[PDB]
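Here's the structure, in structure tokens; my notes come after.
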Ligand SMILES: [Zn+2]
């Protein structure tokens, strides 16, 4: 697909940041190496459900004033194409497949089959969690349902699973045409307190490490590489300075389009014609 | 003195438009209340400046 690393990072960082900040022992583990007073002051101010201060995330160049006490500024950077395929063919498909998804589901009995229901039509099934079927189990997929023989499996009549699958758009042939790009985004934790900037740096590094395992950047946005700048005053001529430490996140990812092929051939036919010269 | 020396103007007061994207923080370019500027304006007021 076409991709937007900045909007991915914003969407991914915001919930993760919230869920760490609402959970005191995570911060208590992340900041174990800092000075005791720095740790306790940060945990008192920003952390837990009762926290009176708050962190914020957003893109650069807003028209309004931000929470300069603690704010992650996201800042889309450079990139370049790095590797190309022969014919620019990144892949080919017989059935137009959408995004990868993971969904929780439960088995139910139906007509002496077990079935799992999924919210969308299954374009491909990658994994039913914790199950490997035998041929006897007569595994079949149909529409948005996975179906599974009941006879030997009655103990599992309400078994709970996670389905990893991917959507289908439509039944069509085509070529995925495109290339790989290596692209940079900068993130900086702004604070007018230097110890807050240093803690926001630690929290962001933890978040990015945790992010490396996510399906989003396992399937796309691969090879996350991190670089770190000096701590410096970002703005120097207010009533106080604003400090930050930049980090650069670099990703390798595919830019591509679905070139559908309308041509289809369903019968050869043969004829002999005679040359009398 | 000001009423003698100033020209008549219409003054309208700025405020940020509530159409700003809750994630990206940028204005919606199709917004009718503000024509792609992030700033909406209250009804005009007659003044001399
Ligand atoms: Zn508007």
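Cβ sites come from the backbone with ideal geometry, for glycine too, and all protein chains shown count toward neighbours. What follows is calculated from the coordinates using simple rules that are stated; it is not laboratory data.
Run through the DSSP bridge list for segment A:1-133 and note the antiparallel percent, rounded to the nearest 5.
Percent antiparallel among DSSP bridges in segment A:1-133 is about 50.
By how many degrees, 0 to 90 and rounded to 10, does the Cα axis of helix A:194-211 deviate from the longest principal axis of chain A?
Once rounded, one gets 10 degrees.
Could you work out how far the C-alpha centroid of chain B sits from that of segment A:56-118, in angstrom?
38 Å
Over chain A, with a Gaussian network built from C-alpha contacts below 10 Å, which listed residue (A:202, A:134, A:70) shows the highest mean-square fluctuation?
Top of the fluctuation ranking is A:134.
With each run of n ≥ 4 DSSP H residues scored as -39500 (n - 2.57), what mean residue ellipticity at 222 nm is computed for chain A after dividing by its residue count and rounding to the nearest 500 deg cm²/dmol?
About -6500 deg cm²/dmol.
How large, in Å, is chain B by the Kirkwood hydrodynamic radius built from its alpha-carbon pairs?
By the Kirkwood definition, the hydrodynamic radius is 12.6 Å.
With a point put 7 Å past each Cα toward its Cβ, work out how far residue B:47 is from residue A:24 in nm, to one decimal.
In this crude label model, residue B:47 to residue A:24 measures out at 5.1 nm.
Taking 8 Å as the Cα distance limit and 6 or more residues as the minimum spacing, I'd like the relative contact order of segment A:190-249 as a percentage.
Relative contact order for segment A:190-249 comes out at 43 percent.
Which residue, A:65, A:145, A:120, has the most motion in a Gaussian network model of chain A that connects Cα atoms within less than 10 Å?
A:65
Over the Cα atoms, compute the radius of gyration (one decimal) and Dmax (the largest Cα-Cα distance, rounded to a whole number) for the protein assembly as shown, in Å.
According to the Cα coordinates of the protein assembly as shown, Rg and Dmax are 28.7, 113 Å.
With a point put 7 Å past each Cα toward its Cβ, work out how far residue A:112 is from residue A:88 in nm, to one decimal.
That separation, rounded to one decimal, is 5.6 nm.
Pick out which of A:64, A:34, A:94 has the largest mean-square fluctuation in a Gaussian network model of chain A, springs linking Cα atoms closer than 10 Å.
A:64
Only Cα pairs under 8 Å and at least 6 apart count here; give the relative contact order of segment A:32-117 as a rounded whole percent.
Relative contact order comes out at 14 percent.
If I take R0 = 41 Å and measure r between the Cβ atoms of residue A:151 and residue A:216 in this structure, what FRET efficiency does the formula 1/(1 + (r/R0)^6) give, to the nearest 0.05?
0.55
Only Cα pairs under 8 Å and at least 6 apart count here; give the relative contact order of chain B as a rounded whole percent.
Relative CO of chain B lands at 51 percent.
Roughly what % of DSSP beta bridges within segment A:48-119 run antiparallel, to the nearest 5?
Here the antiparallel bridges make up roughly 50 percent for segment A:48-119.
Along the Cα→Cβ direction, 7 angstrom out, place labels at residue A:37 and residue A:80. What is the inter-label distance in nm?
The modelled label-to-label distance comes out at 4.8 nm.
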